[PDB]
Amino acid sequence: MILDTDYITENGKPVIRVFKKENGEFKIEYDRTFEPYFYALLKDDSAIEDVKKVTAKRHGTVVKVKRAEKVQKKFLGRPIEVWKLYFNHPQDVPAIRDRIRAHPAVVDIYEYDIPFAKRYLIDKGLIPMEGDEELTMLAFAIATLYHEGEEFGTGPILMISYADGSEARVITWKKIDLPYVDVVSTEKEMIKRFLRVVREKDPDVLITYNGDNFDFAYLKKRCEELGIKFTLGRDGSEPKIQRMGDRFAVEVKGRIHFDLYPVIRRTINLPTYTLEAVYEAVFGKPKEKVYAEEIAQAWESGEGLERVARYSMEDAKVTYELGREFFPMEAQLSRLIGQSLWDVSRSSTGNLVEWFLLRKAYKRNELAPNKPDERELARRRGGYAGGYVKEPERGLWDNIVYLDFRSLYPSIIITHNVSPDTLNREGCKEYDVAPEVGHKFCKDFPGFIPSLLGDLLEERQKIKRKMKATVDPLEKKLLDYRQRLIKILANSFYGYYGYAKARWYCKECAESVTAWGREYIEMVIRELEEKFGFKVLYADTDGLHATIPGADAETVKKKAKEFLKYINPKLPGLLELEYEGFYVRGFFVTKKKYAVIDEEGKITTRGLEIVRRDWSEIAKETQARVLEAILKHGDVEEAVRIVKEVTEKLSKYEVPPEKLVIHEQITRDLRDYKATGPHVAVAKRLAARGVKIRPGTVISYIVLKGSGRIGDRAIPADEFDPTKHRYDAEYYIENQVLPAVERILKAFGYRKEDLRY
C-alpha cells in the first residue's frame, strides 16, 4: 500500500522517496533515476540547438536543459510533434520555463507546473492505497489557556489528549487525579512526552479536527518558544506547513495527517461545524462543549480541572471515532484519483477531476492543455444557459409521480460524444448538433472525456456485480465507496467543463450539455401533456412532478410506467427516464420550494425555510409543523393554531435562546464585503477583538430587543445573557416565524396579520 511520495536533494540531484506500507511494516523506497521535464512546441526543429543554449540563474547556479528528445503526442485528438525538455533538478523548471516560452522559435510550452512527486506517481503508473494493508491511527487534540485579544501561541498548551482503538489518555502539567490523566513536570515535558508516545506508538495516520489551522500550528509556536525539535516525522523531520489557497495544510512525512474538518465540510451540510455538532450528526449521541473562559478559570483557580480534562479526552476519542468512520471512503477516493489521501482529502472537486484527467492523459499519450493565465482566464468570464426550471402550478395536488432522467449530463456527454477534441472537427462523416447553441461534435471516433465516462459507467457495473457475489461485510463497504465515488466523479465532468481554471475547460461542451438537457426535459413535458393525459406540476432540470387530475393512485402510477415504456426507446443511447416515487399529496410553493408526502407518510421537504441554516430553529420548526398539519393531516385550522402557539410564546419571552440562533457563512475577506448585514457586522466586531475570521467561518447570532438596522443589535449566540440582553420578540415574529408560515398558508387565504397573537 503506497501512502505518499516526495523528493529530497542529494548533491544537487533530485531523489524520489516512495512511502510504502507492505507486510505490516513501513518502508521508504528511493528512486534517483527519474528526471523532471516539460514540453515545447517549435515553429521549426532547426531552432532546437538555439533553445538548448537558453540559460537561467536559480539562487546561485546556471540552470541548463540536460537534453531534448522530439516526441509525437496527441493534442485534443490531433497528432502533435513537441520537444520533451529534461532538466537536472525539478526547481530548474520554474527558473527556465518563462525564458524558453519567450524564445521566438517556441510557439508554446506544456506540462510545466506538475509537482515532481506527483509527476512520478502518474508517469510510473503508481496508485496510492492499493492492497488490504491495515494502517494504525492515533487521534490527538489540545486544550489551551486563551485570553481575549491575545496573539497566537502566547498562551501555553494545558493538555495534549490522544486516542486509538485501545485507550484514550490526557497529558497535562497540573495535579489532576482521574485514571486516564498523566501529571508531568512542566508544559515542556508534556510536549516531549507526547512526542515519545507517537515515537512508541509509531502511528501510520495522525487524526486532528482542524489541526491544519489550529492544533499543529499552535504546537510549532510552543516548541520554538520552548526550544523543542518537534520530530513526529518517521524520517525524523518536523511537520511542514503547506499553503493551500486561503488556508494552510500540515504535512507529517511517513505518516498521513488526516484532518477531518475539510472532509466533513465537503461531505455533510450542517448549520455549524463544531466537534459537538459533527459527532451528533454522524453517530447521534451528544457531546457538551467546554469554553475558553471556563478552561482558563478552571486552570487559574485549579478548582475544576477534572471537567476540562474529560472534554480533552472526549475530543480525542470522538476525533478517532470520526477518523475510523471517514478514512476508508477517503482511501478509496485516493485510489480512484491516483493521488495521496492527504492531497485528495483537502482537494476541491475541480482538482480531483484534473488529477484524474492528467493520469488518463499520460496513459493515452494526450498532451495536457495549460492552466489559463490572467488574460485567458478573463476571456472565460462569460456565463452560459443552465437547467430549465418550469414555473410550478402552486397549491395542493393529489396522486403525484416524480419522473427524472438517470445521470442526464453524463448520459448526454457519452451519447452525443461531447468533448473539446471532437468539437467542430474539420471533415467528419456523422455529427450530433446541440439544440439552440449549434455546436457540432464528431461521432467517427470516441472523445477523451466521453470514453473515460464510458469506462467509469462499465467499471461501476463490474463493482456492483462483484458486490453481489461477495460476503465479507468490510470488502462490501470498501467496494460500495468505490462505486458511489465513481458516480460522483462522473457527475463532476459537466461542471468541470464550465470551470474557467480547468485545463480541459470547454464552454461549448458545457453549453451543449445544458442545451440537450433542456431539449430532453421539455420534450418529455410536451409529450406527457399534449399526447398523454398528464398535467406537469413542476420540472427543474432532468426531473418533473406530474399527475392526471381526474384519476386515482392506481391509474397515475400505471399510466406513468406506460409513458416510460413509450418514451425511453425514442430517447437516444444512454438517455433514459425513470420512476423515482409516488406521493399521495404534494405542495408546490415556488421554484426550488415544495414538499410531498409518500404512501408511508414521510414528508420530503425541498428549498423551504425548513432546510436553510440562515433561518432560526423557531421558524424552521414552526414551518415544519404548519406543513405537516396540511400534508399529513387535512387541517388548515390546526396550522393556524400552531402559528398562534408560536407567536404568543415568543412575545411572552418563553421560547429558549437555543431556538433563536441564525447561521450565516463568511465567504470572503471581511474587507472585500461591499454590503454589511447581521452576520458581517457581528464578524467585523469579533475581528476588531482579534478573533480569527477566515472564509468558511459560520457566524451564529441572536437579534436583541431594539429597532432600525438588525446588524446594530446582532450579537454572537455565545454571548447571549437573559441577565442583561433581551431577545427581539417582534423580529422573530414578523421577520422569521410569520414569513415562513405565510408561504404555506398564503395559498388557502391567510395574510400575516390574521396569524399573529
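The first residue of the sequence shown is number 1, and the count goes up from there.
- Here the stretch with the larger average CA B-factor, out of 350-358 and 569-577, is 569-577.
- Taking only CA atoms, the mean B-factor in the PDB entry is higher for 288-296 than for the other of 81-89 and 288-296.
- Sorting 234, 503, 310, 592 by the CA temperature factor given in the entry leaves 310 at the top.
- Listed residues 36, 706, 696, 722 were ranked by CA B-factor as deposited; 722 comes out on top.
- Annotation for residue 440: C-alpha temperature factor in the middle third relative to the rest of the modelled chain, per the entry.
- Residue 218 sits in the highest third of its chain by CA B factor, as recorded in the PDB entry.
- Among the modelled residues of the chain, residue 94 sits in the middle third by CA temperature factor in this PDB entry.
- Ranked within its chain, residue 387 lands in the lowest third, by CA B factor from the PDB record.
- The PDB entry assigns residue 40 a C-alpha temperature factor belonging to the lowest third of its chain's modelled residues.
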